[PDB]
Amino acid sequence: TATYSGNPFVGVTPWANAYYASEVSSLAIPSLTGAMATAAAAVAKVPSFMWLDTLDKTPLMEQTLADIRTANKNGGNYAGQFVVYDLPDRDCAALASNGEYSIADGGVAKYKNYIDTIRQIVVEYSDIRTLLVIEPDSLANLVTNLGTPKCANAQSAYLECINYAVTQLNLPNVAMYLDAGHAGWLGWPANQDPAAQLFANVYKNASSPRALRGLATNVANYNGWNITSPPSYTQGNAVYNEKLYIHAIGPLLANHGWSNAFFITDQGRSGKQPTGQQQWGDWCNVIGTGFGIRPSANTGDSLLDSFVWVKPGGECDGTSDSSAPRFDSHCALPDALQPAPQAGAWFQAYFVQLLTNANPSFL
């Protein structure tokens, strides 16, 4: 069993999965040449999280873990990185949810079934340290979007499902980080305490799971970790980067019963600041972005366990095709790169944008 004490990112090396590497090497590289083609090959070596966005994706988790075990037998000392993302009525505030399960149709029961598959894999592979991000774009909606019917009506289901997940996946080789939106979402002073209270309640309600290390921020977003100047779109919010956000909500977590909570922040698309966002709330395939700070535990900051790449750069946020199912108007805005494919599908021009504007640079 891959047990640990303190920062779960220390003493191991994040595994760069074959799934993403295949996308870059087979979907991106054949389209590139020279310096760009060579720089792209390097991107595939940067470890990023594998999303378990459907039940059909679970066999891929075992395969990935099987690969890691093989590597670790040869002294690899690698850790798996996955995202649990299949809540019923998922993305309640989104103008189009791609979730396969729905509350009305036995969604909660199907979610628990999904979690059971995952626990058995983790139990089977207890020898591998597994780092997980728990349900992005879920609890954050319950803080600011209860005005939206779907979100208000998904509350109990979200909390029950999240509870089942954190308790069932509370194992010695596991480290879970609950998604907590980002500075532009829950960072605003007015949302700080309410948000901190909800996360603290999830922790305590789950019997303070030892495997629940803390929270994940900026997942699939573009905020800078420590930028020194407030971009125009953050006007009014003193908390304009992720460092300020975790340092503001951290003590509040402690005030509400959850002490020793740490964080991980996505920087996979935070390399260029300011971004091309015309409005902070614009989240779909944002123009003017690049790969950011590389995954590492050497954060020079007490509260941040590690810089991570959760949302895999190159995989689309949503389609700009207005006739397509699940079309979200946010993906057709002037600050969104178009034309864009279905969410999760490979978006070549975006990968190229990210690679071109990368910092640290790959070229």
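Quick note: we count residues from 1 along the sequence shown, nothing fancier.
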So, looking at the entry's B-factor column for Cα atoms, which has the higher mean, 165 to 173 or 139 to 147? 139 to 147
98 to 106 versus 76 to 84 - greater average Cα B-factor per the deposited record: 98 to 106
Tell me which of 115, 220, 206, 293 tops the list for C-alpha B factor in the record. 206
Residue with maximal Cα B-factor (values as given in the PDB entry) among 90, 213, 247, 272: 90
If you rank every modelled residue in this chain by C-alpha B factor, which third holds residue 236: lowest, middle or highest? middle
Taking the C-alpha B-factors as the PDB entry records them, is residue 321 in the lowest, middle or highest third of its chain? highest
Ranked C-alpha temperature factor of residue 33 among modelled chain residues, by third: highest
For the chain shown, is the CA B-factor of residue 14 in the lowest, middle or highest third of its modelled residues? middle
If you rank the chain by CA B-factor, which third does residue 39 end up in: lowest, middle or highest? highest
